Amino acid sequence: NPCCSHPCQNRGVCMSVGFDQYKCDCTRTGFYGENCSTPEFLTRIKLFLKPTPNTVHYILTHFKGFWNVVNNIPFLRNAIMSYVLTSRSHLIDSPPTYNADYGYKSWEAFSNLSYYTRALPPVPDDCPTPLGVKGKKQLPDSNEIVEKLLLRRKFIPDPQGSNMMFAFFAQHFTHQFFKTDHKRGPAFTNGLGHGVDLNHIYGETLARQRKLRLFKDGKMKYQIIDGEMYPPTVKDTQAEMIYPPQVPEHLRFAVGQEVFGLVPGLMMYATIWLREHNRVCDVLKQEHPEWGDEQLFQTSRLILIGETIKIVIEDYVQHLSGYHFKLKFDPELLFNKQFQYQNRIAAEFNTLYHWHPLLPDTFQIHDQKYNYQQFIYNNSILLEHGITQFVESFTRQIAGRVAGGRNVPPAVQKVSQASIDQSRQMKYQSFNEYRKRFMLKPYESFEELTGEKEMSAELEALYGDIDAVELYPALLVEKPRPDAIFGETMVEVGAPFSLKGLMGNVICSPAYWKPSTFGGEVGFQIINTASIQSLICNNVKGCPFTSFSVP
């Protein structure tokens, strides 16, 4: 297959012609030529006027005094935020195109929601090398890559100060649309909503939802333990959960997402959002005494979806980005722009979000320490300390740095290996191919990638060619930005997927973004004043201070 070398540049579409030749389709790439390598008139200009991502990043993370002014000039702040949304979203095809089984457009790839979609097509079946033509005939041993490059020896803390509230929010939030269906394969998902539908709270299906709802006052089932609201159990709901045999039945809490019993950090957020849902039911009831259970439930769900997107942009991404510019959740920024209110979760989004280096060597709640053997699947801990203590402890405990290499806890070593194996099963293209896909200059040496000698040396021995390094390993060994949690590629590839999943949501469409959609102005206000602090304050006893970074 002549397309195995990935000849077409700048989003050009490669197509085989006969057995020995290829054709690049350069339609609307802004380029032309055999390989779509020659820039057009208008393309030379924007390229000249476009600073590098690292330059833009420096600007957004400095000049605090300047941004304090910009952040308070609404016309300016909106124009900037609007530009961030549109420019990043242009990098995603919507409606979606490829998946693991189709490196060409097809109705099957478009219509079948059980697949993760793909930002880059899979490496065709019969190629010289696994990645195309670069590198050796076989890829290096995945177990070796993890130990040599990803396995943690010494815990490296996040210089941005990310805490465990951040780490567990990340896992909780993203696991509503990263729901890999392993009984089918890594190419497939159980998240057919393909975005922020809060299925990890209400369940993926109506049958599961019904098991979790109280069907009174629009509320969800719950328990009162030690004076505080907690999720129901498997027994009471008959809603299935993944628990190992060890865990006694009375500690088998049932929430929307089947795997959230895995770790108390997830159950913490599961509990908090559950409280939030029922809290919002009470507010809506006061607002609408004439409403029934169904409209109370449905309306509350739309509120919490709004709250989620609000919090994710203005607190979560805000901290993550390190920007001094104040991001804004405001659907109206797009009502005069071209934008598709739909989303399809990309497999590569899933891969890059394996942020397991975030995880500490031990989990510290109050004055006690827990290793992974004690902490995992142990809801006794949650009940022992309560949510307030959890929030206070997690707010204080620093998370690990994601980029920079060698920071994956040994406890989750096999997860990193599987992430590599599965990406090979799905025939991912190389790291440099994904750099180019998101308008980044490909790395020219291993030393350039890591900005260092030790790992870059190990990498050269394992892959041989820089164009043979795989996506996932490279993301975790890449040179971090100055005092940043991530390197360039993580940010530049992840941001488009994220914002598309957030603003692509139906509630952001002009037909939905009305107070009536949310039961009036009171309901609408809950969304537009939501923050991670107010979420904790309204639902956690004592209203402890919280944040996504350490005090």
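Here the rigid core means the biggest group of C-alpha atoms that line up within 1.5 Å when the two forms are laid on top of each other. Numbering starts at 1 and follows the sequence shown.
Of the two stretches examined, 69-77 and 304-312, the one with higher mean CA deviation in 5 other deposited structures of this protein after a rigid core fit is 69-77. Here the stretch with the larger average CA B-factor, out of 270-278 and 142-150, is 142-150. Mean CA temperature factor is higher for 354-362 when stretches 354-362 and 313-321 are set side by side in the entry. Residue set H250, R424, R77, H175: peak C-alpha B-factor at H250 (per PDB entry). Of the candidates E258, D226, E433, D93, the one whose C-alpha carries the top B factor in the deposited record is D226. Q533: CA B factor in the middle third of modelled residues in this chain (values from the PDB entry). In the PDB entry, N379 places in the highest third of its chain by CA B-factor. Per the deposited record, the Cα B-factor of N72 falls in the highest third when ranked against the other modelled residues of its chain. Annotation for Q171: CA B-factor lies in the lowest third of the chain's modelled residues. In the deposited entry, the Cα temperature factor of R344 sits in the bottom third of values across the chain's modelled residues.
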